[PDB]
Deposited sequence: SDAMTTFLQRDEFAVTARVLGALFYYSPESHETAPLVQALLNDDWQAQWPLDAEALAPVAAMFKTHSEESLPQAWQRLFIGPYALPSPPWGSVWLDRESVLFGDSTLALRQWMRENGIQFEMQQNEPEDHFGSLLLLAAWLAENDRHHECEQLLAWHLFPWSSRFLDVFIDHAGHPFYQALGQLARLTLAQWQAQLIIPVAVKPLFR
C-alpha cells in the first residue's frame, strides 16, 4: 500500500456496496439495475471487482449459469411472495424474537440514524448497503463503520448463509456469494468489532 494507490482506490467500498445493495433492492428488470444484470449474465466484468480472481471466478460463472426459472420469477419468489421467503432480507426478522418487520432492531437502527442526523422499514439488506455507500461517499466513514458493525453485520452473515443455501436460482445464489465474500472483506478491515447480538432464525 501507499497513499496514492489508496486514494485512487477510494471508491472500491462504495461502488461495491452500491452494486450489491441495488441488486438486492430493485427488481432485476428495473431501469436502475437491468443493465447491471445483463452484464453479469453475458459480459466480462470480474477483473474490475475488488476481490481475488480465484475467489471470483466461480461466482462470475454462477451468475451466468442457466435456470429454467426466469430472473423475474426468482425475484418475486425470493423477495415478494406469495409464499414465505426462504431468507427475508430485513434485519428484524433475524434479530427480533418475534421475527417481524419494524422490530426492536429496526428501532435501534432508527435511533442511531437520528442521533447522527441521517434520514417500508429501513433495515432491508439492500437499503442498508445503499446507506453505507452514501455514508462513505459523503466522507462519513466513522458512521459507516458503526452502521456496518452494529446494524448490518450482526445479522447479514446469517441472512446470507440461508439465502445462498435456499435461493435456488444460480443468479441469486451468485449474488449471495458475491455479497458474502465482499462483506467478509469489509468486516476483516473494520476498525471496531461487530456487535454480537442474538439471532432467532
Report task. Residue ranges with no C-alpha coordinates, please: along the deposited sequence, counted from 1, in order. Result -> 120 to 125
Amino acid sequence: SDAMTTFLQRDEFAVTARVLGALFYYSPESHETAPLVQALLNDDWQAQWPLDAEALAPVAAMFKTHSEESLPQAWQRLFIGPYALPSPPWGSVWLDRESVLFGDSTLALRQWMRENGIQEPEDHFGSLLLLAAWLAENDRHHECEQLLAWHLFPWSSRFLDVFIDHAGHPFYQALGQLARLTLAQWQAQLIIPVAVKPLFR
From here on, numbers count along this sequence of modelled residues.
Query raised in the report: So 155 to 163 or 133 to 141, which one's hotter by mean CA B-factor in the entry?
Result: 133 to 141
Report task. Would you mind comparing 167 to 175 and 54 to 62 for me and telling me which has the higher average C-alpha temperature factor in the entry? Result -> 54 to 62
Query raised in the report: Which of these, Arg110, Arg77, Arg97, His124, has its C-alpha atom at the highest B-factor, as the entry lists it?
Result: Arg97
Query - Selection from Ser105, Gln119, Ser87, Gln73 [criterion: highest C-alpha temperature factor in the record] - result: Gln119
Report summary line: By the entry's values, the third containing the CA B factor of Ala47 is the highest
Report task. Report the third (lowest, middle or highest) to which the CA temperature factor of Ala188 belongs, ranking only the modelled residues of the same chain. Result -> highest
Requested in this report: Please place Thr6 in the lowest, middle or highest third of its chain by C-alpha B factor as given in the entry.
Outcome: middle
